[PDB]
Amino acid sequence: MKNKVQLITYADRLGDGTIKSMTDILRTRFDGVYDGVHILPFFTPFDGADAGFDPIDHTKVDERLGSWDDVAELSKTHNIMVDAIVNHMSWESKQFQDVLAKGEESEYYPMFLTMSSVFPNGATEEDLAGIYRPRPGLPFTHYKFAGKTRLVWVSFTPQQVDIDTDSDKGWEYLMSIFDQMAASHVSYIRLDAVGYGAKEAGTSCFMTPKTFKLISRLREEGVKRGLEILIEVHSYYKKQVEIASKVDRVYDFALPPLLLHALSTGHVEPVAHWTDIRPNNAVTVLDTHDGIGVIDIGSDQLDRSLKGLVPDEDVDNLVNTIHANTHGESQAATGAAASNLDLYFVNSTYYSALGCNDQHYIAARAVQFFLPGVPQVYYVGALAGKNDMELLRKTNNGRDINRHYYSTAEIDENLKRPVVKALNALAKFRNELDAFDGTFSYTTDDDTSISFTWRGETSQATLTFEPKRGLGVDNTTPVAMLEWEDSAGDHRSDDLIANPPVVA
């Protein structure tokens, strides 16, 4: 994966509402800032229950957004990341509908998992009780094949039926997705829910040895077609290190809450600990299209005795600090859980979660960019966007607080803001200084300071991070200082908003 900053966006929420327009914005408003883009699911339909992640036909661009030719056009200037939903598909798909009608006589019967597919011999209570669940209850719902009631395996909703990724028909379907992505010159494939894609009786059915076999099989199919795969898994931070040592690339989901904690408390030991052990074959983010995940630095949720990167209490204080910093907005957007250790995510933009503090926000991005891994900026954060309470009240979907629709006019207005201009200059710096294509090191005081250093062929840069200096949502003291060396010698910026860095 290219070592340049990327944008994460919906095609329809950045510009006039189409892939073509989104491409226009990227090329004219963000030249040299974002060199690639993750286009969130744009298949048919894009505007369903789960905002693109529940398509009926994964292989067809929603014609309201554009066409595969539009993707191919974009590929001429940007590396493109797209989602491949490999674990399940719509119960309204023609394949599953054919099974409801014809049952075992269906061409696609072997394509879908039932309880019997995994447990042809029965299941004990321990067999079912042990399955790792992203949703309450057991992963089964009732469908009638012809007229016989079957328990279909459903990891998420009853409308999303799990495919047998070991079946010929299942693999044929997955490769039809890969083939279309290759034909339109996609570079990167985000494998959604791949951690659930392998079922094996007696195991948790989540990231088991069979799952890694499945991931390695997808990788090889991808390389044959010019595709690189990326896995998206939220798990206890020790699992994450284990997982990343077996796959090409993962997300760094610990960093977003680690930086909220650091900027709110002044403590840098957790960030230093994570820097020391974290997987470096990573994609770095602060915001995503989902909520801010706190699961990723807390205790293991199956065995709470495995403690996270900060004590349980600091996990709880991180949730409540977002609530305070947003003056209740994220409370309205986040469903309660009777305890914040039971939370998985907090619904809020990252800018709003920091209380809209520009110095803190740019510092957070700077740390992101200086840690090994490919950085991504979510489009709301690219525009330093505040919680969208109007859309939230209109849709009652909590995650829409962080999914504002940006018209081209709103984009240009926000490009006028010094915090946004600081972020664009910072990404340009991260793309243009060859120090980042070199070797990484870091030093630390104890709990006061941590310095990230990249030394390359013709350049060097060191980012010092001191949240202790500017505690408080209203503070204007910089907490990130920058020094670097380029063609024009030694340079320094003690304020990344007022004196954003530029490379010779």
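Start at 1 and count along the sequence shown; that's the residue number.
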Segment of higher mean CA temperature factor, 158-166 or 265-273
265-273
Comparing 143-151 with 80-88, the one whose average Cα B-factor in the PDB entry is higher
143-151
For the listed residues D287, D358, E413, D179, which one has the largest C-alpha B-factor as given in the deposited model?
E413
Per the PDB entry, which option out of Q97, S348, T208, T124 has the greatest Cα B factor?
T124
Quick check on the deposited entry: does the C-alpha B-factor of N340 sit in the lowest, middle or highest third of its chain?
highest
In terms of the chain's CA B-factor thirds, is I8 lowest, middle or highest?
lowest
Could you say whether, by C-alpha temperature factor, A193 belongs to the lowest, middle or highest third of its chain?
middle
Ranked by Cα temperature factor within the chain, is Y132 in the lowest third, the middle third or the highest third?
highest
Could you place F53 in the lowest, middle or highest third of its chain by Cα temperature factor, using the values in the record?
lowest
